[PDB]
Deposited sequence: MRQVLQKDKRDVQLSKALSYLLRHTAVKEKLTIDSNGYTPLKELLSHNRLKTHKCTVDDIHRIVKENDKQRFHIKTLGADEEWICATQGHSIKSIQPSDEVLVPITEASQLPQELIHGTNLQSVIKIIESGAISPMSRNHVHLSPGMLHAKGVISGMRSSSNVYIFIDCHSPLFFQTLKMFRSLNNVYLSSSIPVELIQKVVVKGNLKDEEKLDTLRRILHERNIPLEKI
């Protein structure tokens, strides 16, 4: 069962969507993190073990609850409506030597949208 999240005071300190480098490029280019198979986008308070990309949602955006409908399951996982990339606070990628070309792409699209990228 899910309960509603309607006030910023209920948002954790960070809200993270774990993914890989190929999805985060598709995410930025299509303009939104979409629920896909599931009915909601799954977010971890701050994931698949193979997730090397971490998308931080800006929990302090004045437009947060005008853009997302937010829920929380009893085991503390946050479920949301489509998240526009413009609500993305920061994208953190664990670098792999094999993905150096994709990261240059990610660097450009994120700058074009003024989303900061951090490579660890």
{"property": "Unmodelled intervals of the deposited chain, in order", "result": "1 to 100, 147 to 156"}
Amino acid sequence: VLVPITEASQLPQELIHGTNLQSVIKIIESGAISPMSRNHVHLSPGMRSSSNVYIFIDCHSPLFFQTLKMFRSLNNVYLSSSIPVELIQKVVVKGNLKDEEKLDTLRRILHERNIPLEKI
From here on, numbers count along this sequence of modelled residues.
{"item": "Given 90 to 98 and 75 to 83, the range whose Cα B-factors average higher in the PDB entry", "value": "90 to 98"}
{"item": "Residue stretch of maximal mean CA temperature factor, 14 to 22 vs 100 to 108", "value": "100 to 108"}
{"item": "Residue with maximal Cα B-factor (values as given in the PDB entry) among 57, 53, 32, 36", "value": "36"}
{"item": "Residue 28 by Cα B-factor - lowest, middle or highest third of the modelled chain", "value": "lowest"}
{"item": "Relative C-alpha B-factor of residue 47, binned into the chain's lowest, middle or highest third", "value": "highest"}
{"item": "Ranked against its chain, the third holding the CA B-factor of residue 1", "value": "highest"}
{"item": "Residue 8 - which third its CA temperature factor falls in, relative to the rest of the chain", "value": "highest"}
